[PDB]
file query-v2.txt (compact mmCIF, C-alpha atoms)
# COMPACT_ATOMS: atom_id res chain seq x y z
CA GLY J 199 -9.65 19.28 25.22
CA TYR J 200 -8.69 16.51 22.82
CA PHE J 201 -5.92 18.06 20.75
CA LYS J 202 -6.71 17.16 17.15
CA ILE J 203 -3.48 17.68 15.22
CA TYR J 204 -3.79 18.05 11.48
CA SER J 205 -0.34 18.94 10.16
CA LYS J 206 0.62 19.13 6.50
CA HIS J 207 3.83 19.79 4.59
CA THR J 208 3.53 21.68 1.32
CA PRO J 209 5.94 22.85 -1.39
CA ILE J 210 6.31 26.56 -1.62
CA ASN J 211 7.32 28.99 -4.37
CA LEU J 212 5.16 32.13 -3.99
CA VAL J 213 5.33 35.64 -2.53
CA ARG J 214 1.94 36.44 -0.95
CA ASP J 215 -0.78 33.93 -2.10
CA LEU J 216 -1.97 30.35 -1.47
CA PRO J 217 -3.52 27.43 -3.43
CA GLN J 218 -6.82 25.48 -3.35
CA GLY J 219 -7.88 21.93 -2.45
CA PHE J 220 -10.91 19.76 -1.88
CA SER J 221 -12.08 17.55 0.89
CA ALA J 222 -12.54 17.42 4.65
CA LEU J 223 -10.30 16.60 7.58
CA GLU J 224 -7.32 14.31 7.97
CA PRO J 225 -5.39 14.10 11.25
CA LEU J 226 -1.86 13.06 10.38
CA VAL J 227 -1.65 12.36 14.10
CA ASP J 228 -4.59 12.47 16.51
CA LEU J 229 -4.26 12.52 20.27
CA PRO J 230 -6.50 13.70 23.16
CA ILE J 231 -4.15 15.70 25.42
CA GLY J 232 -6.39 18.53 26.65
CA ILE J 233 -6.09 22.10 25.27
CA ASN J 234 -8.40 25.13 24.72
CA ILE J 235 -10.07 25.64 21.34
CA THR J 236 -9.03 29.14 20.35
CA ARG J 237 -5.96 29.49 18.10
CA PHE J 238 -4.48 28.11 14.91
CA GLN J 239 -1.78 29.74 12.78
CA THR J 240 1.28 27.71 11.86
CA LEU J 241 4.18 28.14 14.27
CA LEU J 242 7.80 29.14 13.75
CA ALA J 243 10.91 27.46 12.41
CA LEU J 244 14.03 29.63 12.18
CA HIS J 245 17.81 29.25 12.56
CA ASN F 544 -11.94 -7.20 24.01
CA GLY F 545 -17.45 -5.75 17.30
CA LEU F 546 -20.56 -4.90 15.29
CA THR F 547 -22.22 -8.17 14.36
CA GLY F 548 -25.13 -8.39 11.95
CA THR F 549 -25.95 -10.02 8.63
CA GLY F 550 -24.43 -10.04 5.16
CA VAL F 551 -21.88 -12.19 3.37
CA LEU F 552 -18.09 -12.25 3.69
CA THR F 553 -17.52 -10.16 0.57
CA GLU F 554 -14.22 -8.57 -0.40
CA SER F 555 -14.43 -4.99 -1.64
CA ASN F 556 -11.78 -3.07 -3.56
CA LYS F 557 -12.47 0.36 -2.05
CA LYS F 558 -9.43 2.37 -0.98
CA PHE F 559 -9.64 3.78 2.54
CA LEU F 560 -7.14 6.09 4.22
CA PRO F 561 -5.32 5.11 7.42
CA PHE F 562 -7.51 7.39 9.56
CA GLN F 563 -10.93 6.22 8.31
CA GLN F 564 -13.01 3.34 9.64
CA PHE F 565 -16.70 3.41 8.70
CA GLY F 566 -18.81 3.80 5.59
CA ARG F 567 -21.85 5.89 4.74
CA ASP F 568 -24.37 5.90 1.90
CA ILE F 569 -27.04 8.41 0.86
CA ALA F 570 -29.23 7.30 3.77
CA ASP F 571 -26.29 7.44 6.23
CA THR F 572 -26.23 3.69 6.81
CA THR F 573 -22.99 1.73 6.89
CA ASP F 574 -21.85 -0.23 3.86
CA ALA F 575 -18.05 -0.25 3.73
CA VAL F 576 -15.89 -1.08 6.76
CA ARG F 577 -12.25 -1.81 7.52
CA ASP F 578 -11.50 -4.78 9.74
CA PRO F 579 -9.85 -3.81 13.05
CA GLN F 580 -6.99 -6.29 12.62
CA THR F 581 -6.00 -7.12 9.05
CA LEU F 582 -6.78 -3.98 6.99
CA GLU F 583 -9.64 -5.42 4.95
CA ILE F 584 -12.29 -3.43 3.07
CA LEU F 585 -15.63 -5.22 2.86
CA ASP F 586 -19.26 -4.44 2.08
CA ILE F 587 -22.60 -5.28 3.66
CA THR F 588 -25.66 -6.33 1.68

call {"tool": "encode", "arguments": {"input": "query-v2.txt", "output": "structure tokens"}}
result
Amino acid sequence: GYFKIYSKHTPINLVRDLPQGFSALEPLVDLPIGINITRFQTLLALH
Amino acid sequence: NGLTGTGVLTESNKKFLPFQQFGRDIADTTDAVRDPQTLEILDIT
């Protein structure tokens, strides 16, 4: 259940590809609030 | 309110990150810790 956030903010100037990086986890914030372990694909921001 | 043991009060210049606490060597035994109060990196011999 314990909802491990790991958010990141990245600078972006590409059309369909992504970059590389190297080493394991960092939770920018970490808090046990109780969810199901099934999904992860960054969510929306629009106008 | 704490892992007592033996060593010497020995300042270490390692650079943690604000989400890390412990330390681990080849043998997976603690060496480097961060104090729970004053943000101090120290080693155990």

call {"tool": "interface_residues", "arguments": {"input": "query-v2.txt", "of": "chain F", "to": "chain J", "cutoff": "12 Å", "atoms": "all atoms listed in the file", "output": "ChimeraX atom specification"}}
result
/F:560-563

call {"tool": "atom_distance", "arguments": {"input": "query-v2.txt", "atom1": "CA of residue 586 in chain F", "atom2": "CA of residue 229 in chain J"}}
result
29.0 Å

call {"tool": "residues_around", "arguments": {"input": "query-v2.txt", "residues": "range 236-239 of chain J", "least_positions_apart": "5", "cutoff": "12 Å", "atoms": "only C-alpha atoms", "output": "number ranges by chain"}}
result
J: 199, 201-205

call {"tool": "atom_distance", "arguments": {"input": "query-v2.txt", "atom1": "CA of residue 568 in chain F", "atom2": "CA of residue 587 in chain F"}}
result
11.5 Å

call {"tool": "atom_distance", "arguments": {"input": "query-v2.txt", "atom1": "CA of residue 206 in chain J", "atom2": "CA of residue 580 in chain F"}}
result
27.2 Å

call {"tool": "closest_residue", "arguments": {"input": "query-v2.txt", "among": "F:559, F:565, F:584, F:571", "to": "residue 546 in chain F", "atoms": "all atoms listed in the file"}}
result
F:565
